[PDB]
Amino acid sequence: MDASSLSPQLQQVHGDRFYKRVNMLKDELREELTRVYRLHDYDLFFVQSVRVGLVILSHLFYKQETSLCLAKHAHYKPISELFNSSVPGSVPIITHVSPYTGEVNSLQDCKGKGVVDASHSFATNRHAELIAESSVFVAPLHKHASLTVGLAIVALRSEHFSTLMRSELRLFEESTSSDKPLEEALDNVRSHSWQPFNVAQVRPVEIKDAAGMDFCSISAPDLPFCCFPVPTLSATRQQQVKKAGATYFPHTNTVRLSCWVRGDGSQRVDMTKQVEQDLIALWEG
């Protein structure tokens, strides 16, 4: 290939037909993702990440005089900052499941539209609802999908978008990207040891006596993780949280405990009691 299209030294390591190879790898992964996640009703587009997908969508929506703005609920902090204060038309960004409280929101507004951040529903026990009702969603592949780092999908419900709009996103998907995320995802999706879902279900937890004191989970049931109101923590507490593999969100005053059980989706695994044990243990050494 012309030296001006791709460094010759890069061609040696990534292939002298690099662009076609990445297009073919995208094609392969798109077909695997469509079958395992059952995404036949969607056109899928690869983008780097959830926030990249959102900004591409914002631009394409604005080219049709439609603005993309935040729904009135909690969103991933970086997303609520990037789209704070965002002509006539309006499509809300919907956080399906909050990473901080586990709250769950409705997948469309009052007029059937909505771009869903599916980070904590894609490839979980909530995947079927996401895919039954969403017009658009955006999902990373490094969380519950357990595929790769630095790759996400934008999924457009096919009957809902014009060929024009899908064309433009397909043309944008051609923007120079690494082959490595694609090859990792493909290696994982074709692996005998990989399974598509985190099937952990955690129901409401109330351990009303951990050092005398009360914890009461606030997260939706059947998520793979569990979020509890806490006081503002000492550093000692924060060291235990971190060491335990849980997560402190100061801005919501929650800690999140999470499970990880892989399966094919046909069977959920109740891990309620394990989170309970794990909460008491964290607050007690």
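Note that residue numbering begins at 1 and tracks the sequence as displayed.
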(request) Please count the deposited residues lying between residue 86 and residue 87 that the model leaves without coordinates, and give the class: none, 1 to 3, 4 to 9, or 10 or more. (result) 4 to 9
(request) Taking the mean of the C-alpha B-factors per stretch from the entry, tell me the winner out of 215 to 223 and 230 to 238. (result) 230 to 238
(message) Mean Cα B factor from the PDB record: higher for 38 to 46, or higher for 245 to 253?
(response) 245 to 253
(request) For the C-alpha B-factor as written in the entry, point me to the maximum among 170, 203, 192, 144. (result) 192
(message) Highest Cα temperature factor in the entry, among the options 266, 277, 23, 12: which one is it?
(response) 277
(request) Using the B-factors in the PDB entry, rank residue 188's C-alpha atom against the chain and give the third, lowest, middle or highest. (result) lowest
(message) Splitting the chain's C-alpha B-factors into thirds, which one does residue 101 fall into?
(response) highest
(request) Within this chain's modelled residues, let me know which third the CA B factor of residue 93 belongs to: lowest, middle or highest. (result) middle
(message) By the recorded C-alpha temperature factor, relative to the other modelled residues in its chain, which third is residue 176 in?
(response) lowest
(message) By the recorded C-alpha temperature factor, relative to the other modelled residues in its chain, which third is residue 120 in?
(response) lowest
